[PDB]
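entry_22.txt (compact mmCIF, C-alpha atoms and all ligand atoms)
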```txt
# COMPACT_ATOMS: atom_id res chain seq x y z
CA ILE A 1 -1.68 -10.81 -4.50
CA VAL A 2 -4.23 -13.21 -6.10
CA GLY A 3 -3.59 -14.07 -9.83
CA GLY A 4 -0.34 -12.14 -9.83
CA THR A 5 3.00 -12.77 -11.52
CA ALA A 6 6.57 -12.47 -10.20
CA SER A 7 7.93 -8.94 -10.46
CA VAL A 8 11.32 -8.23 -12.03
CA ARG A 9 14.06 -6.79 -9.70
CA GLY A 10 13.86 -2.96 -9.71
CA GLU A 11 10.37 -2.92 -11.26
CA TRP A 12 8.64 -1.23 -8.24
CA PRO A 13 11.59 0.59 -6.60
CA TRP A 14 9.29 2.57 -4.21
CA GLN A 15 7.86 -0.74 -2.80
CA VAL A 16 9.07 -1.57 0.72
CA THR A 17 8.49 -4.49 3.08
CA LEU A 18 7.64 -3.36 6.62
CA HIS A 19 8.69 -6.01 9.17
CA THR A 20 7.92 -6.28 12.88
CA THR A 21 10.48 -7.95 15.31
CA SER A 22 7.75 -8.61 18.03
CA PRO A 23 7.18 -11.44 19.06
CA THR A 24 9.32 -12.73 16.10
CA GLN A 25 10.54 -11.09 12.87
CA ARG A 26 8.08 -11.25 9.96
CA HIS A 27 6.66 -9.15 7.09
CA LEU A 28 3.81 -7.02 8.48
CA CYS A 29 2.77 -4.71 5.61
CA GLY A 30 3.73 -3.08 2.35
CA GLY A 31 4.62 0.58 2.01
CA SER A 32 5.89 3.11 -0.53
CA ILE A 33 8.92 5.45 -0.44
CA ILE A 34 7.56 8.98 -1.02
CA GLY A 35 10.55 11.08 0.27
CA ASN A 36 14.11 10.38 1.48
CA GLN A 37 12.91 9.75 5.02
CA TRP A 38 9.24 8.94 4.38
CA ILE A 39 7.22 5.76 3.87
CA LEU A 40 3.50 6.01 3.06
CA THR A 41 1.48 2.98 4.31
CA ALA A 42 -1.91 2.06 5.91
CA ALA A 43 -2.87 3.08 9.45
CA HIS A 44 -4.44 -0.41 10.14
CA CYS A 45 -0.97 -2.01 9.93
CA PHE A 46 -0.14 -0.59 13.39
CA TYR A 47 -2.99 -2.20 15.37
CA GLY A 48 -0.52 -4.30 17.43
CA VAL A 49 2.35 -1.73 17.53
CA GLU A 50 2.97 0.18 20.82
CA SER A 51 6.40 1.43 19.69
CA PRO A 52 8.29 2.19 16.40
CA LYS A 53 11.28 0.35 18.01
CA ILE A 54 9.89 -3.04 16.79
CA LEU A 55 9.68 -1.95 13.12
CA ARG A 56 12.17 -2.40 10.27
CA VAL A 57 11.75 -1.04 6.76
CA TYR A 58 13.51 -2.91 3.95
CA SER A 59 13.85 -1.25 0.53
CA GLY A 60 15.34 -2.64 -2.71
CA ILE A 61 14.02 -6.13 -1.95
CA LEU A 62 12.59 -8.48 -4.59
CA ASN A 63 12.66 -11.71 -2.47
CA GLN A 64 11.88 -11.95 1.26
CA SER A 65 14.81 -14.52 1.38
CA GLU A 66 17.21 -11.50 0.85
CA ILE A 67 16.34 -10.56 4.50
CA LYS A 68 18.56 -12.10 7.23
CA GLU A 69 19.99 -10.62 10.49
CA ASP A 70 22.88 -9.03 8.50
CA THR A 71 20.56 -7.33 5.90
CA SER A 72 20.51 -3.55 6.19
CA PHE A 73 17.17 -1.88 7.01
CA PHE A 74 15.81 1.59 8.00
CA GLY A 75 14.72 2.10 11.61
CA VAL A 76 11.49 4.03 12.24
CA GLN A 77 11.78 7.28 14.23
CA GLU A 78 8.05 7.98 14.27
CA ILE A 79 4.69 6.49 13.22
CA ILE A 80 2.21 9.21 12.13
CA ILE A 81 -1.36 7.86 11.85
CA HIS A 82 -4.15 10.11 10.47
CA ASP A 83 -5.88 11.41 13.63
CA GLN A 84 -9.40 10.76 12.13
CA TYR A 85 -8.54 7.03 11.55
CA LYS A 86 -10.74 4.54 13.48
CA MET A 87 -10.75 1.54 11.12
CA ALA A 88 -9.92 0.64 7.48
CA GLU A 89 -13.62 0.27 6.59
CA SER A 90 -14.40 3.86 7.71
CA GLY A 91 -11.52 5.52 5.82
CA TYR A 92 -8.52 7.71 6.81
CA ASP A 93 -6.42 4.49 6.47
CA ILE A 94 -3.15 6.29 5.99
CA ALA A 95 0.05 6.55 7.98
CA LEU A 96 3.55 7.91 7.50
CA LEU A 97 6.74 6.39 8.82
CA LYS A 98 9.56 8.85 9.52
CA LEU A 99 12.81 6.94 9.08
CA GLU A 100 15.80 7.31 11.49
CA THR A 101 18.13 7.65 8.47
CA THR A 102 17.90 8.91 4.88
CA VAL A 103 17.19 6.56 1.95
CA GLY A 104 19.94 6.87 -0.69
CA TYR A 105 18.17 6.84 -4.08
CA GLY A 106 19.41 4.52 -6.84
CA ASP A 107 18.25 2.02 -9.46
CA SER A 108 16.95 -0.34 -6.65
CA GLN A 109 15.13 2.25 -4.46
CA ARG A 110 13.57 5.56 -5.40
CA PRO A 111 10.37 7.55 -4.54
CA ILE A 112 7.02 7.40 -6.35
CA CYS A 113 5.32 10.73 -7.19
CA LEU A 114 2.14 11.61 -5.37
CA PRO A 115 -0.90 12.36 -7.61
CA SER A 116 -1.36 15.99 -8.69
CA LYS A 117 -4.35 17.88 -7.15
CA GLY A 118 -5.36 18.93 -10.71
CA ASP A 119 -5.07 15.30 -11.89
CA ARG A 120 -8.10 14.45 -9.61
CA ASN A 121 -10.03 14.52 -12.97
CA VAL A 122 -7.76 12.04 -14.93
CA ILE A 123 -8.69 8.47 -16.03
CA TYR A 124 -6.00 6.00 -14.98
CA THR A 125 -5.96 2.97 -17.30
CA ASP A 126 -2.59 1.42 -16.36
CA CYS A 127 -2.81 0.51 -12.60
CA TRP A 128 -0.91 -2.21 -10.75
CA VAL A 129 -1.20 -3.63 -7.18
CA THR A 130 2.03 -5.13 -5.74
CA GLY A 131 2.94 -7.06 -2.62
CA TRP A 132 4.25 -10.17 -0.83
CA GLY A 133 0.73 -11.10 0.39
CA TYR A 134 -1.25 -14.35 0.03
CA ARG A 135 -2.26 -15.73 -3.40
CA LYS A 136 -5.50 -17.05 -1.76
CA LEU A 137 -7.36 -16.51 1.54
CA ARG A 138 -5.71 -19.54 3.23
CA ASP A 139 -2.04 -19.20 2.21
CA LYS A 140 1.23 -17.61 3.35
CA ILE A 141 3.47 -14.54 2.74
CA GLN A 142 5.12 -14.92 -0.72
CA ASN A 143 8.92 -14.91 -1.23
CA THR A 144 8.86 -12.90 -4.50
CA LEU A 145 7.11 -9.54 -4.88
CA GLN A 146 3.96 -10.15 -6.98
CA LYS A 147 2.23 -7.73 -9.34
CA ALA A 148 -1.25 -7.62 -10.89
CA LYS A 149 -2.71 -5.12 -13.42
CA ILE A 150 -6.09 -4.03 -12.09
CA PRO A 151 -8.83 -1.76 -13.53
CA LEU A 152 -10.07 1.14 -11.41
CA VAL A 153 -13.79 1.03 -10.50
CA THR A 154 -16.02 4.17 -10.09
CA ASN A 155 -17.15 5.08 -6.51
CA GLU A 156 -20.80 4.47 -7.69
CA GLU A 157 -19.98 0.93 -8.90
CA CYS A 158 -17.92 0.24 -5.72
CA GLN A 159 -20.78 1.41 -3.47
CA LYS A 160 -23.18 -1.03 -5.33
CA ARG A 161 -20.72 -3.87 -4.44
CA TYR A 162 -20.49 -2.94 -0.74
CA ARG A 163 -24.09 -2.70 0.54
CA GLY A 164 -23.97 -1.82 4.24
CA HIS A 165 -20.67 0.11 3.93
CA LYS A 166 -20.10 3.72 3.09
CA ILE A 167 -17.67 4.07 0.14
CA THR A 168 -16.45 7.67 0.41
CA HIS A 169 -14.60 9.78 -2.20
CA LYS A 170 -11.52 9.43 0.11
CA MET A 171 -11.56 5.73 -1.02
CA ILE A 172 -10.77 4.37 -4.50
CA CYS A 173 -11.75 0.84 -5.68
CA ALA A 174 -10.15 -1.50 -8.18
CA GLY A 175 -10.92 -4.96 -9.46
CA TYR A 176 -12.34 -7.02 -12.34
CA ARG A 177 -16.14 -7.64 -12.14
CA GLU A 178 -15.51 -11.43 -12.36
CA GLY A 179 -12.75 -11.20 -9.71
CA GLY A 180 -9.42 -13.03 -9.98
CA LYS A 181 -6.72 -10.33 -9.60
CA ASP A 182 -6.58 -8.39 -6.28
CA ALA A 183 -4.70 -7.65 -3.07
CA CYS A 184 -4.90 -10.25 -0.29
CA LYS A 185 -3.58 -10.74 3.31
CA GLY A 186 -0.15 -9.12 3.65
CA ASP A 187 -0.51 -6.72 0.69
CA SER A 188 -2.00 -3.97 2.95
CA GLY A 189 -0.18 -0.67 3.06
CA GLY A 190 1.48 -1.27 -0.28
CA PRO A 191 0.91 0.84 -3.39
CA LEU A 192 -1.69 0.93 -6.14
CA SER A 193 0.63 2.49 -8.81
CA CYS A 194 -0.75 3.98 -12.05
CA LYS A 195 1.38 5.08 -15.05
CA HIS A 196 0.20 8.35 -16.62
CA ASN A 197 2.17 10.31 -19.30
CA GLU A 198 5.15 7.92 -18.72
CA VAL A 199 5.20 8.84 -14.92
CA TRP A 200 4.16 6.46 -12.11
CA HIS A 201 1.85 7.96 -9.46
CA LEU A 202 0.83 6.60 -6.06
CA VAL A 203 -2.93 6.51 -6.67
CA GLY A 204 -3.91 4.22 -3.79
CA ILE A 205 -2.83 2.47 -0.58
CA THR A 206 -4.08 -1.19 -0.30
CA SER A 207 -6.65 -1.02 2.52
CA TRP A 208 -9.52 -3.53 2.68
CA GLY A 209 -12.00 -5.80 0.81
CA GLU A 210 -14.52 -8.62 1.40
CA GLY A 211 -12.26 -11.68 0.88
CA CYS A 212 -9.60 -11.76 -1.85
CA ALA A 213 -10.30 -11.09 -5.55
CA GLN A 214 -13.94 -12.18 -5.21
CA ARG A 215 -16.38 -11.59 -8.07
CA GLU A 216 -18.10 -8.17 -7.60
CA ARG A 217 -15.98 -7.36 -4.48
CA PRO A 218 -13.36 -4.80 -5.65
CA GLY A 219 -10.29 -4.03 -3.51
CA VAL A 220 -10.72 -0.77 -1.52
CA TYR A 221 -7.76 1.61 -1.41
CA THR A 222 -7.04 4.91 0.33
CA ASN A 223 -7.50 7.58 -2.43
CA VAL A 224 -4.04 9.22 -2.10
CA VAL A 225 -5.00 12.39 -4.12
CA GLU A 226 -7.48 13.28 -1.27
CA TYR A 227 -4.61 13.22 1.25
CA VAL A 228 -1.83 15.19 -0.55
CA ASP A 229 -2.43 18.20 1.76
CA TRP A 230 -2.30 15.94 4.84
CA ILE A 231 0.98 14.28 3.59
CA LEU A 232 2.59 17.71 2.92
CA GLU A 233 1.38 18.91 6.38
CA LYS A 234 3.18 16.07 8.10
CA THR A 235 6.33 15.87 5.87
CA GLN A 236 6.85 19.69 5.28
CA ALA A 237 6.24 20.74 8.93
CA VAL A 238 8.43 23.77 9.93
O1 LIG A 301 2.36 -13.51 8.32
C1 LIG A 301 1.14 -13.67 7.86
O2 LIG A 301 0.64 -14.78 7.66
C2 LIG A 301 0.43 -12.42 7.48
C3 LIG A 301 1.09 -11.19 7.46
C4 LIG A 301 0.39 -10.01 7.28
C5 LIG A 301 -0.99 -10.02 7.13
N1 LIG A 301 -1.66 -8.78 6.98
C6 LIG A 301 -2.99 -8.52 6.87
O3 LIG A 301 -3.87 -9.37 6.95
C7 LIG A 301 -3.33 -7.03 6.71
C8 LIG A 301 -3.22 -6.44 8.10
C9 LIG A 301 -2.03 -5.99 8.67
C10 LIG A 301 -2.01 -5.51 9.97
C11 LIG A 301 -3.16 -5.48 10.71
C12 LIG A 301 -4.36 -5.92 10.16
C13 LIG A 301 -4.40 -6.41 8.85
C14 LIG A 301 -5.69 -6.93 8.26
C15 LIG A 301 -5.83 -6.55 6.80
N2 LIG A 301 -4.64 -6.95 6.02
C16 LIG A 301 -4.60 -7.15 4.61
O4 LIG A 301 -3.51 -7.42 4.09
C17 LIG A 301 -5.83 -6.91 3.82
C18 LIG A 301 -5.84 -7.01 2.49
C19 LIG A 301 -6.93 -6.70 1.55
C20 LIG A 301 -6.84 -5.48 0.87
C21 LIG A 301 -7.63 -5.25 -0.25
CL1 LIG A 301 -7.46 -3.73 -1.12
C22 LIG A 301 -8.54 -6.20 -0.69
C23 LIG A 301 -8.67 -7.39 0.01
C24 LIG A 301 -7.90 -7.64 1.15
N3 LIG A 301 -8.18 -8.79 1.94
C25 LIG A 301 -9.32 -9.28 2.43
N4 LIG A 301 -9.08 -10.36 3.13
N5 LIG A 301 -7.73 -10.54 3.06
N6 LIG A 301 -7.18 -9.61 2.35
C26 LIG A 301 -1.66 -11.25 7.12
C27 LIG A 301 -0.95 -12.43 7.29
```
What is this structure when it is put down as structure tokens?
Amino acid sequence: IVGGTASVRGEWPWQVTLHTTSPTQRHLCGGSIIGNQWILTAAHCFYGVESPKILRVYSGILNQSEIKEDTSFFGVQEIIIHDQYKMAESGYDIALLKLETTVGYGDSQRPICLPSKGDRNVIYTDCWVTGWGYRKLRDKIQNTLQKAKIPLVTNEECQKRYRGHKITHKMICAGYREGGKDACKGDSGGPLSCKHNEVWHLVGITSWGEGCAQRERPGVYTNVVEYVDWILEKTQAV
């Protein structure tokens, strides 16, 4: 996160850190708890990943230093990538992780509500991007979970900023015109959380952008409201 500030412990209890153990253990992506065995993240995170056996999901973490060999994690039973996904820049950048065990909800870890289908026509004014990603393009994974308040940008305005790309209604953009506060390397897959009527909703999934927090280059996020039916399909399967 560029221009972010340290989060407070328990502030974003749906935020998870997805680690890989291959070749060595490190933070790979962000993610969000959406159900007791479900993590919503970005499909592009799994480019290297041939097996869910190398993945570890850590919830209730503020600092990456809390993670050692003796730290409990959730194993991943299955990786479900949207079957229309080709690349982040073309959309469908959404994946689900089915966990091997159930997340026990508490003050450190709980799910975030998905947006309501009716609420597709609501103006979100209190949106925050969180993650352990870089603070600048040439940097490193941050110890403490960072947060940044970011304004949503209309599809029309986002399309003006990305000549040569196709910004679809399945994408949602966010960022200040002058730049400065945005997602960066390592924030991918994490949430874009917006508070509406005192309830937090998972409005976006950090997906892609041209550089980090550049002037007139908003962050591009998967528009979660456009995928509620797909998420229910995969999580409510009979
Ligand atoms: O350990 C590290 O150093 C390290 C760990 C994880 C990483 N992840 C990454 O790079 C991940 C990632 C993970 C797996 C596969 C592919 C990629 C490439 C994209 N990606 C980002 O997070 C994209 C952020 C991004 C998102 C928005 Cl909304 C706006 C601007 C962004 N950026 C543009 N340029 N940088 N960020 C890096 C570095």
Legend entry - Test item: residues lying within 6 Å of ligand LIG 301 (chain A) with all atoms listed in the file, as a ChimeraX atom specification: /A:27-29,44-45,47,140-141,183-188,206-212,219-221
Legend entry - d(atom CA of residue A:128, atom CA of residue A:46) in Å: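 Rounded to one decimal, the two atoms are 24.2 Å apart.
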Inset, instruction - Between A:30, A:75, A:52, A:97, single out the one closest to residue A:231, counting all atoms listed in the file. - result: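 The shortest atom-to-atom distance to residue A:231 comes from A:97.
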Inset, instruction - Go ahead and compute the interatomic distance for atom CA of residue A:155 and atom CA of residue A:130, in Å to one decimal. - result: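 Separation between atom CA of residue A:155 and atom CA of residue A:130: 21.7 Å.
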Inset, instruction - Choose the residue, out of A:148, A:109, A:189, A:164, that has the smallest atom-to-atom separation from residue A:18; count all atoms listed in the file. - result: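 Closest to residue A:18, using all atoms listed in the file: A:189.
Comparing A:90, A:121, A:51, A:17 by their smallest distance to residue A:74, the closest is A:17 (using only C-alpha atoms).
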